[PDB]
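Everything on this sheet refers to the single structure shown next.
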Amino acid sequence: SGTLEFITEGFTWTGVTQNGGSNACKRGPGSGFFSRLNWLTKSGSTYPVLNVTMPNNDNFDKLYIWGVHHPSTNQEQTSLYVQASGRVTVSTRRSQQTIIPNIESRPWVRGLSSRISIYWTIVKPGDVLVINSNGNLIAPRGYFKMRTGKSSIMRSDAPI
Amino acid sequence: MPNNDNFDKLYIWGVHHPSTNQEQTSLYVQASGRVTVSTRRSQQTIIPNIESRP
Amino acid sequence: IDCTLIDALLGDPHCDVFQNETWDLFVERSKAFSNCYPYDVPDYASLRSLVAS
Amino acid sequence: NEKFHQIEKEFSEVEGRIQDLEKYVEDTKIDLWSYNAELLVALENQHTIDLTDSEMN
Ligand SMILES: *[C@@H]1O[C@H](CO)[C@@H](O)[C@H](O)[C@H]1NC(C)=O
Ligand SMILES: *[C@@H]1O[C@H](CO)[C@@H](O)[C@H](O)[C@H]1NC(C)=O
């Protein structure tokens, strides 16, 4: 596609806390996260069933990057999402992706036993994006504008 | 359904994915269904998604 | 005509005319459309290939 | 010969079927172009030697 052009969209996440951060991903002095992803957690004592739709009224393809969180303990799972088992479903009119999070203790990286799995979804013009989450959703903040052309990638250590 | 012929058979089947829990239970009763189609060399197990899709 | 090979395989009502048909070359048109229950085929291209072959 | 995005040709991990195919495609392409390059300069040089011998005659 040859571009990282990102357009922020108005997702409304009612009933959850947004912009979660982690000390394994510092930005500045404080904790942070991926700038293009939005870590949603419980608000108060509840994590509702999120149900958001984002139509594509443009003449190009939208690329959506999203993820699901894999906690390491049941205590981490409930204290973040209340529900003992999360679920993330991202669908269009022609596709669906349902991911059940795994709760396992993995080897420590940057002090963390937990993990995040990244997925993607392309929305053709006229189609709509639907996100349905019971918990563990790392939501998108927008879409990347997709292009066709002569761009590519290369592995090299040669100086420019 | 055994294959007692000397040729291969192609079977086309499917799984229904309701949109609400009431649609699920009013059709199949069980809160969560399951479809498993198998031969002696394969097994295809599918759990239906109850979701509201576009 | 209005039917894709997968629609005629499944038996979309407006593709009933294609039951038990045979072919050397199946020609799919742009105007084709589905008019039955909304469905999804994981690995759609592979099922289309082996039926068409 | 202008090419842009192509396939991966070096791999850091063992993957199996799909990687065997990507390697096989590129190895097939290289052997065929190598043959073309070898045959071309052979036909060309033979013809160049003939045409310069012909001018003298
Ligand atoms: C990305 O680019 C657009 C247009 O080039 C620009 O208006 C916008 O500020 C940028 N957005 C982000 C999130 O960087
Ligand atoms: C969830 O979103 C889908 C997609 O628009 C909609 O059909 C469905 O009615 C919604 N469900 C609820 C409970 O809002």
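Residues in the structure tokens are named by chain (A, B, ... in the order shown) and by number from 1 within that chain; ligands are numbered from 1 in the order shown.
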
How would you write, as a PyMOL selection string, the set of residues no farther than 12 Å from ligand 2 when counting only C-alpha atoms and all ligand atoms? (chain A and resi 14+48-55+89-93+127-133) or (chain B and resi 18-21+50-54)

Output the selection as a short mmCIF file (atom, residue, chain, number, x, y, z; two decimals), in the first residue's frame - N, CA and C atoms for each residue.
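Below you can see selection.cif, which holds the result:
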```
data_model
loop_
_atom_site.label_atom_id
_atom_site.label_comp_id
_atom_site.auth_asym_id
_atom_site.auth_seq_id
_atom_site.Cartn_x
_atom_site.Cartn_y
_atom_site.Cartn_z
N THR A 14 -19.23 3.00 25.02
CA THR A 14 -20.04 3.36 26.17
C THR A 14 -19.90 2.32 27.28
N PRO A 48 -19.58 -3.57 29.76
CA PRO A 48 -20.77 -3.93 28.98
C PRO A 48 -20.41 -4.65 27.70
N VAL A 49 -21.45 -5.13 27.02
CA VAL A 49 -21.28 -5.77 25.72
C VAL A 49 -21.21 -4.66 24.67
N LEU A 50 -20.02 -4.39 24.16
CA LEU A 50 -19.84 -3.33 23.19
C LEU A 50 -20.38 -3.77 21.84
N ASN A 51 -20.95 -2.81 21.11
CA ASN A 51 -21.62 -3.09 19.83
C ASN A 51 -21.56 -1.81 19.00
N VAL A 52 -20.53 -1.70 18.17
CA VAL A 52 -20.24 -0.48 17.43
C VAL A 52 -20.13 -0.81 15.94
N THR A 53 -20.70 0.05 15.11
CA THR A 53 -20.64 -0.09 13.66
C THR A 53 -19.99 1.14 13.05
N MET A 54 -19.15 0.93 12.04
CA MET A 54 -18.42 2.01 11.38
C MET A 54 -18.48 1.81 9.87
N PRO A 55 -19.42 2.46 9.19
CA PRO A 55 -19.56 2.29 7.75
C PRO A 55 -18.47 3.00 6.96
N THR A 89 -15.35 -10.11 18.46
CA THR A 89 -15.85 -10.44 17.13
C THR A 89 -15.84 -9.19 16.28
N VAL A 90 -15.12 -9.24 15.17
CA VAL A 90 -15.06 -8.14 14.21
C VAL A 90 -15.51 -8.69 12.86
N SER A 91 -16.60 -8.14 12.34
CA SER A 91 -17.21 -8.67 11.13
C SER A 91 -17.53 -7.56 10.14
N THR A 92 -17.65 -7.96 8.88
CA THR A 92 -18.21 -7.15 7.81
C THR A 92 -19.40 -7.91 7.23
N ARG A 93 -19.92 -7.43 6.10
CA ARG A 93 -20.99 -8.17 5.44
C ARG A 93 -20.51 -9.48 4.84
N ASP A 127 -19.34 -1.26 2.37
CA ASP A 127 -19.46 -2.19 3.47
C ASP A 127 -19.39 -1.45 4.80
N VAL A 128 -19.63 -2.18 5.89
CA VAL A 128 -19.55 -1.62 7.23
C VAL A 128 -18.72 -2.54 8.12
N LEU A 129 -18.08 -1.94 9.12
CA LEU A 129 -17.32 -2.66 10.12
C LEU A 129 -18.15 -2.76 11.39
N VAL A 130 -18.25 -3.96 11.95
CA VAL A 130 -19.01 -4.20 13.17
C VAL A 130 -18.08 -4.86 14.18
N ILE A 131 -18.02 -4.28 15.38
CA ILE A 131 -17.20 -4.78 16.47
C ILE A 131 -18.12 -5.12 17.63
N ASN A 132 -18.01 -6.35 18.13
CA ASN A 132 -18.82 -6.82 19.25
C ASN A 132 -17.88 -7.46 20.26
N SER A 133 -17.83 -6.90 21.47
CA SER A 133 -16.86 -7.35 22.46
C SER A 133 -17.51 -7.52 23.82
N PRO B 18 -27.16 -17.84 14.51
CA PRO B 18 -28.24 -16.90 14.87
C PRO B 18 -27.69 -15.56 15.32
N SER B 19 -28.61 -14.61 15.50
CA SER B 19 -28.27 -13.26 15.90
C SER B 19 -28.60 -12.94 17.35
N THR B 20 -29.53 -13.66 17.96
CA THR B 20 -29.90 -13.44 19.35
C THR B 20 -29.96 -14.78 20.07
N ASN B 21 -29.91 -14.71 21.40
CA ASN B 21 -30.07 -15.92 22.20
C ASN B 21 -31.49 -16.48 22.08
N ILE B 50 -23.23 -16.58 18.01
CA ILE B 50 -24.45 -15.83 18.18
C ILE B 50 -24.05 -14.38 18.21
N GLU B 51 -24.31 -13.68 17.13
CA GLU B 51 -23.84 -12.34 17.00
C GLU B 51 -24.82 -11.60 16.16
N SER B 52 -24.83 -10.29 16.28
CA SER B 52 -25.65 -9.50 15.43
C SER B 52 -24.72 -8.95 14.40
N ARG B 53 -24.91 -9.37 13.17
CA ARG B 53 -24.04 -9.01 12.06
C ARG B 53 -24.76 -8.04 11.13
N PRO B 54 -24.03 -7.32 10.27
CA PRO B 54 -24.68 -6.34 9.39
C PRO B 54 -25.75 -6.97 8.52
#
```

Enumerate residues in contact with ligand 1: an atom-to-atom distance of at most 7 Å, counting only C-alpha atoms and all ligand atoms. Format the result as a ChimeraX atom specification. /A:5-8

Excluding residue 44 of chain C and its own-chain neighbours fewer than 5 positions away, which residues fall within 12 Å of it when counting only C-alpha atoms? Please give them as a list in words.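 Residues near the query, excluding close chain neighbours: residues 94 and 95 of chain A; 4, 5, 6, 7, 39, 49, 50 and 51 of chain C.
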
Atom CA of residue 20 of chain A and atom CA of residue 33 of chain A, how far apart in Å?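 Separation between atom CA of residue 33 of chain A and atom CA of residue 20 of chain A: 7.1 Å.
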
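Applying a distance limit of 10 Å to only C-alpha atoms, the residues of chain B near chain C read residues 10, 12, 13, 14, 15, 16 and 17 of chain B.
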
Include N, CA and C atoms and write out the residues we just selected as a JSON list (two decimals), in the first residue's frame.
```json
[["chain", "number", "residue", "atom", "x", "y", "z"],
["B", 10, "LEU", "N", -18.77, -36.05, -2.63],
["B", 10, "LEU", "CA", -18.59, -34.69, -2.12],
["B", 10, "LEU", "C", -19.85, -34.28, -1.38],
["B", 12, "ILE", "N", -21.83, -31.36, 0.89],
["B", 12, "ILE", "CA", -21.93, -29.94, 1.21],
["B", 12, "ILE", "C", -22.90, -29.80, 2.38],
["B", 13, "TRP", "N", -22.43, -29.20, 3.47],
["B", 13, "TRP", "CA", -23.25, -29.00, 4.65],
["B", 13, "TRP", "C", -22.95, -27.61, 5.21],
["B", 14, "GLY", "N", -23.62, -27.27, 6.31],
["B", 14, "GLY", "CA", -23.48, -25.93, 6.83],
["B", 14, "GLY", "C", -23.80, -25.83, 8.30],
["B", 15, "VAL", "N", -23.60, -24.63, 8.83],
["B", 15, "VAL", "CA", -23.88, -24.30, 10.22],
["B", 15, "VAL", "C", -24.61, -22.97, 10.26],
["B", 16, "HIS", "N", -25.72, -22.92, 10.99],
["B", 16, "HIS", "CA", -26.49, -21.70, 11.14],
["B", 16, "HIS", "C", -25.94, -20.88, 12.30],
["B", 17, "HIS", "N", -25.84, -19.57, 12.09],
["B", 17, "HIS", "CA", -25.32, -18.63, 13.09],
["B", 17, "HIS", "C", -26.39, -17.61, 13.45]]
```

Give me, as a PDB file with N, CA, C and O atoms, in the first residue's frame, all polymer residues having an atom no more than 10 Å from residue 110 of chain A, counting only C-alpha atoms and skipping those fewer than 6 positions away in the same chain.
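The resulting part_25.pdb:
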```
ATOM      1  N   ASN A  23       3.450  -0.084  31.738  1.00  0.00           N
ATOM      2  CA  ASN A  23       4.836   0.307  31.957  1.00  0.00           C
ATOM      3  C   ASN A  23       5.804  -0.425  31.042  1.00  0.00           C
ATOM      4  O   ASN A  23       6.976  -0.040  30.977  1.00  0.00           O
ATOM      5  N   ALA A  24       5.350  -1.460  30.339  1.00  0.00           N
ATOM      6  CA  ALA A  24       6.172  -2.102  29.325  1.00  0.00           C
ATOM      7  C   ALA A  24       6.207  -1.311  28.029  1.00  0.00           C
ATOM      8  O   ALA A  24       6.933  -1.692  27.104  1.00  0.00           O
ATOM      9  N   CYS A  25       5.447  -0.223  27.950  1.00  0.00           N
ATOM     10  CA  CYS A  25       5.322   0.561  26.738  1.00  0.00           C
ATOM     11  C   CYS A  25       5.307   2.044  27.105  1.00  0.00           C
ATOM     12  O   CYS A  25       4.356   2.774  26.853  1.00  0.00           O
TER      13      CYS A  25
END
```

Find the residues in chain A near chain D: any atom within 12 Å counts, using only C-alpha atoms. Write them as an MDAnalysis selection string. chainID A and resid 1:2 148:156

Return as an mmCIF file with N, CA and C atoms, in the first residue's frame the full set of residues in chain A whose backbone-based DSSP assignment is helix (DSSP H, G or I).
```
data_model
loop_
_atom_site.group_PDB
_atom_site.id
_atom_site.type_symbol
_atom_site.label_atom_id
_atom_site.label_comp_id
_atom_site.auth_asym_id
_atom_site.auth_seq_id
_atom_site.Cartn_x
_atom_site.Cartn_y
_atom_site.Cartn_z
ATOM 1 N N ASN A 74 -6.467 -15.369 36.177
ATOM 2 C CA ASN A 74 -7.893 -15.082 36.286
ATOM 3 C C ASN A 74 -8.137 -13.788 37.046
ATOM 4 N N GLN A 75 -7.271 -13.466 37.986
ATOM 5 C CA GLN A 75 -7.386 -12.211 38.692
ATOM 6 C C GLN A 75 -7.179 -11.009 37.770
ATOM 7 N N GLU A 76 -6.221 -11.097 36.862
ATOM 8 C CA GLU A 76 -6.022 -10.035 35.884
ATOM 9 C C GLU A 76 -7.202 -9.943 34.926
ATOM 10 N N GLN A 77 -7.789 -11.087 34.572
ATOM 11 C CA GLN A 77 -8.907 -11.092 33.634
ATOM 12 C C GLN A 77 -10.124 -10.383 34.218
ATOM 13 N N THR A 78 -10.518 -10.748 35.441
ATOM 14 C CA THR A 78 -11.725 -10.165 36.022
ATOM 15 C C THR A 78 -11.515 -8.709 36.415
ATOM 16 N N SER A 79 -10.333 -8.377 36.935
ATOM 17 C CA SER A 79 -10.081 -7.009 37.368
ATOM 18 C C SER A 79 -9.964 -6.043 36.200
ATOM 19 N N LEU A 80 -9.785 -6.544 34.979
ATOM 20 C CA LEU A 80 -9.792 -5.704 33.788
ATOM 21 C C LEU A 80 -11.127 -5.704 33.057
ATOM 22 N N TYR A 81 -11.823 -6.839 32.999
ATOM 23 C CA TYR A 81 -12.999 -6.951 32.155
ATOM 24 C C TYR A 81 -14.210 -7.549 32.851
#
```

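Residues with any atom within 10 Å of residue 17 of chain C, counting only C-alpha atoms and excluding same-chain neighbours fewer than 5 positions away, are residues 3, 8, 11 and 12 of chain C.
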
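One finds atom CA of residue 98 of chain A at 15.2 Å from atom CA of residue 32 of chain B.
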
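Interatomic distance, atom CA of residue 42 of chain C against atom CA of residue 97 of chain A: 11.3 Å.
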
Between A:136, A:17, A:96, A:85, which has the minimum distance to chain B (counting only C-alpha atoms)?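 Among the listed residues, the smallest separation from chain B belongs to A:96.
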
Could you give me, as a VMD selection string, the residues within 8 Å of residue 34 of chain B, counting only C-alpha atoms and dropping anything in the same chain fewer than 6 positions from it? chain B and resid 45 to 48

Just the selected residues (N, CA and C atoms), exported as a compact mmCIF listing (two decimals), in the first residue's frame, please.
```
# COMPACT_ATOMS: atom_id res chain seq x y z
N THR B 45 -15.21 -29.69 13.46
CA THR B 45 -16.04 -29.31 14.59
C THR B 45 -16.22 -27.80 14.59
N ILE B 46 -17.46 -27.35 14.58
CA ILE B 46 -17.78 -25.93 14.49
C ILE B 46 -18.72 -25.55 15.62
N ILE B 47 -18.40 -24.48 16.32
CA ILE B 47 -19.27 -23.89 17.33
C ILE B 47 -19.90 -22.64 16.74
N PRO B 48 -21.23 -22.52 16.75
CA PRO B 48 -21.87 -21.38 16.10
C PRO B 48 -21.68 -20.09 16.88
```
